[PDB]
Amino acid sequence: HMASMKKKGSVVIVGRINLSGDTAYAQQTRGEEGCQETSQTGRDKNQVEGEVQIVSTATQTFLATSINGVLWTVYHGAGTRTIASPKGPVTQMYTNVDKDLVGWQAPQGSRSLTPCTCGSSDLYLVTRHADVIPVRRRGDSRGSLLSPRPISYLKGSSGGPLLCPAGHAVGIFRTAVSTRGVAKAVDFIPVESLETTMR
Ligand SMILES: CCC[C@H](NC(=O)[C@@H]1[C@H]2CCC[C@H]2CN1C(=O)[C@@H](NC(=O)[C@@H](NC(=O)c1cnccn1)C1CCCCC1)C(C)(C)C)[C@@H](O)C(=O)NC1CC1
Ligand SMILES: [Zn+2]
């Protein structure tokens, strides 16, 4: 009974959204069997690159975004889980259920986005399928899609970035705002909220 007590696995990086060139595209770096093993050991020796990682638990796949040397994602996806790394599991450096926000030290090899300082309300959401979707900022933590999509389109994009025209991080996508299955808007965690969390 106490001896049969299992532990939750680590979050595992299973790919990335490549934003380095003219074309955004998703790359897978680990398959399902490797993911399952790595989640249990917490030992991930794969090379990490890029700003936006595709991450998985046993039950969910979603995104994580590096900003100012922290890999950030949503609490509703990651919970309090460690992330797998070459040295074994790494404990969260930030955990905030009230903001729906968690973060780990950014993996060696990752690149970070810089927080936006320009005040622009013309944003771009990067999805787990590497779509770059225009979003008009409508408040501190909400934006509207210029073209509404079924919510399926956004499933698994939580933890991904909203970017300004200059490619700086404005926020982390948290949840879709939907009506009868159509997403018309998105809620996000503003980068200023991350910056406060960091000090
Ligand atoms: C929504 C797309 C991204 C996913 N976000 C989520 O799953 C978040 C989580 C936040 C905590 C509760 C969950 C519900 N959720 C939602 O976005 C859900 N949105 C909602 O439930 C939104 N509510 C509504 O759309 C609504 C409200 N009244 C009546 C009818 N519909 C609320 C509205 C208030 C602000 C917050 C959003 C949705 C779209 C799935 C039904 C993300 O978790 C993800 O990447 N998923 C993949 C693994 C399956
Ligand atoms: Zn900016």
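In each ligand, atom 1 is the first atom listed, and ligand 1 is the first ligand listed. The first residue of the sequence shown is numbered 1, and numbering continues consecutively from there. When reading the values below, keep in mind they use all heavy atoms of this one structure, side chains included, and skip hydrogens, waters and symmetry mates.
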How close do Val186 and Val135 get, counting heavy atoms only, and between which atoms?
CG2-CG1, 4.1 Å
Going by heavy atoms, is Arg128 under 4.0 Å from ligand 1?
no
What side-chain donor-acceptor pairs closer than 3.5 Å can you find for residues 121-128, not counting sequence neighbours?
from   : atom 1 : to     : atom 2 : distance (Å)
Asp122 : OD1    : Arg136 : NH1    : 3.0
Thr127 : OG1    : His129 : N      : 3.3
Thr127 : OG1    : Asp131 : N      : 3.1

Looking only at atom types and distance, does a side-chain atom of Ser56 sit under 3.5 Å from a main-chain N or O of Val12, one as donor and one as acceptor?
no
Enumerated ligand 1 atoms positioned under 4.0 Å from heavy atoms of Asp187
35 (C), 36 (C), 37 (C)
List the atom of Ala130, the atom of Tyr25, and the distance in Å for their closest heavy-atom pair.
CB-CA, 3.4 Å
For the Zn ion (ligand 2), state how many protein N, O or S atoms fall inside a distance shorter than 2.8 Å.
3
Any non-hydrogen atom of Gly77 lying under 4.0 Å from ligand 1?
no
Near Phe173, which atoms of ligand 1 are under 4.0 Å from a heavy atom of that residue?
2 (C), 3 (C)
Nearest to atom 37 (C) of ligand 1 by heavy atom, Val186, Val182, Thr175: which?
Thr175
Any side-chain to backbone donor/acceptor pair from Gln92 onto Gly79? Under 3.5 Å, distance only.
yes
Can an N or O of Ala176 be found at a distance shorter than 3.5 Å from an N or O of ligand 1?
yes
Could you tell me whether some N/O pair between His76 and ligand 1 is separated by less than 3.5 angstrom?
yes
Atom CD of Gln60 with >12 non-hydrogen neighbours under 6.0 angstrom:
yes
Exercise: identify the closest heavy-atom pair between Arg138 and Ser144:
NE-OG, 3.0 Å
Could you tell me which atoms of ligand 1, counted from 1 in the order shown, lie closer than 4.0 angstrom to a heavy atom of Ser157?
45 (O)
Which atoms of ligand 1 sit under 4.0 Å from any heavy atom of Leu154?
2 (C), 3 (C)
Using a strict 4.0 Å cut-off to heavy atoms of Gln60, name the atoms of ligand 1 that fall inside it.
48 (C)
Which of the atoms of ligand 1 are close to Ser178, meaning less than 4.0 Å from one of its heavy atoms?
24 (C), 25 (O), 26 (C), 31 (N), 39 (C)
Does any N or O atom in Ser158 lie less than 3.5 angstrom from one in ligand 1, N or O only?
yes
Tell me whether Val132 is reachable from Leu113 by hopping between hydrophobic residues (I, L, V, M, F, W, Y) whose side-chain heavy atoms are closer than 4.5 Å.
no
Among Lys99, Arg137, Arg174, which residue meets the salt bridge (charged side-chain N to carboxylate O under 4.0 Å, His left out) test with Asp187?
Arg174
For a 4.5 angstrom cut-off between non-hydrogen side-chain atoms, does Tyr94 reach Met198?
yes
Paired with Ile83, the side-chain contact (heavy atoms from CB on, under 4.5 Å) test is passed by just one of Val11, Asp44, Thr73, namely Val11
Within the 4.5 Å heavy-atom criterion, are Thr57 and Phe62 side-chain neighbours or not?
yes
At less than 4.0 angstrom from any non-hydrogen atom of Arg174, what atoms of ligand 1 do you find?
5 (N)
